[PDB]
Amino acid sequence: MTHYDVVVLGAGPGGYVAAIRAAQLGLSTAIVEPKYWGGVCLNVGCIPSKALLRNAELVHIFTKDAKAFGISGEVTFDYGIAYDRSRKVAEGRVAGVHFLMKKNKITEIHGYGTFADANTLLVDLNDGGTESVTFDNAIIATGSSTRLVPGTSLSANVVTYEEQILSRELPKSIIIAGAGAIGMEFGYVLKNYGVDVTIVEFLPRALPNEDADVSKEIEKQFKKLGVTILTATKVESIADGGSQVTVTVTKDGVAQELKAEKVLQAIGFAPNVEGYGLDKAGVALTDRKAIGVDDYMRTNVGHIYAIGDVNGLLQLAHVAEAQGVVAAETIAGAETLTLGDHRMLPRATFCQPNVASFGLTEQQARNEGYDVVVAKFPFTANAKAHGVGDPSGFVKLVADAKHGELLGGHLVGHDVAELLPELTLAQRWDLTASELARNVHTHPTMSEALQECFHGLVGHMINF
């Protein structure tokens, strides 16, 4: 029944960063994790997927663009080597998490935690033992799990991201349920490695959380890649027949069968809230079955916090880390700053072209009553995008007309995920388009498209 100021449940990006921050602030800290040090993100998520996406991008270059770059010769690509590299990358970063745990003198507890009451955690140790731990504060960082299409089940040929990303061998053909970031990214990797890919989306646009202009562009790019995207299409049932999987869908009010060797379920993620005594701690769930929190990540139990995907606010790694910092700082009574409207946080999808966005879409800002101004600059007017060989896409900024404060930003193009920091910095610290347009951007860079958008928000664009 050892005692810690802080016990962290789960060691994904939210949990292990919260534990570092608590340790930095002088708090005795323990973190409890049975399986994934670094969580989903480092083991089977962000880290390995970005390695596989880079490999896929190089296939797409040394295949579709070789002639235009003066590259000649018969090239072959081996997905197994891409897989192997992704696992070595993941393993190196996981070893990093353990290094940081030791550097900060955080106690690792290798097992699964169940609450006995608001201040007691019982742990089933990976070695078979059972141990108890008490705490002054708890940080729940237990993540989310894949949501299955209602009525369907997993099987040999019907998999979540986890089994798919851990496969060294690819199928001949796949059907991906869900056109969010995960489904689109897997579609990009598999199609470039020669898998027939169909992506099925219930809403009428791929990447339906994005601005509709962005959805339209990414649909066009994926069609050119040879991916079939079926939008406004409901998956009714999934039947694993062994040698093929049959997906029954409704589209245009008509039931139709699609067949493939494999099916990836990627329709969303549900917070992990069952099976570890949240009820014994007294912790309340929202109507959506996420752990409710306030702006300081506090649950309804004042000394128990919930960070990362388990609160369902914005299920991304940098959000989990930032929420972990807020919780640790709030526990310690240190100066913190809350995150505010989580819609303003940045996010990206790492197919090529990238999609990167923050804040409100143009349609959302109009619906919420802002006096909306929009500036859109296409990368066909950017010198760097032509030099790199990919002038597709654009930057679209949405601002409020009273002072030119930013409401959102929507980017699609080559490597645009790196371009968000200046925009979220301005939004957070109340710099307007008039201040942003005076910030000189290096030439020739993709980032010059930001500066032309600022000009268009305040007056007239120059190089457009």
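Numbers follow the displayed sequence, beginning with 1.
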## Note on the structure
Avg C-alpha B-factor, entry values, 387-395 vs 285-293, higher side is 285-293
### Query
As stated in the PDB record, which stretch has the larger average Cα B-factor, 222-230 or 247-255?
247-255
### Message
Per the entry's Cα B factor values, which of 73, 194, 143, 324 stands out as the maximum?
### Response
73
### Task
By the entry's C-alpha temperature factors, tell me which of 319, 351, 331, 139 sits highest.
331
### Task
Please place residue 28 in the lowest, middle or highest third of its chain by C-alpha B factor as given in the entry.
highest
### Task
Determine, from the deposited record, the chain-internal third of the Cα B-factor for residue 435: lowest, middle or highest.
middle
### Task
Grab the CA temperature factor for residue 377 from the record and place it in the lowest, middle or highest third of its chain.
lowest
### Task
Tell me, lowest, middle or highest third: where does the Cα B factor of residue 90 rank within its chain?
lowest
### Query
Of the three thirds of its chain by CA temperature factor, lowest, middle or highest, which one includes residue 360?
middle
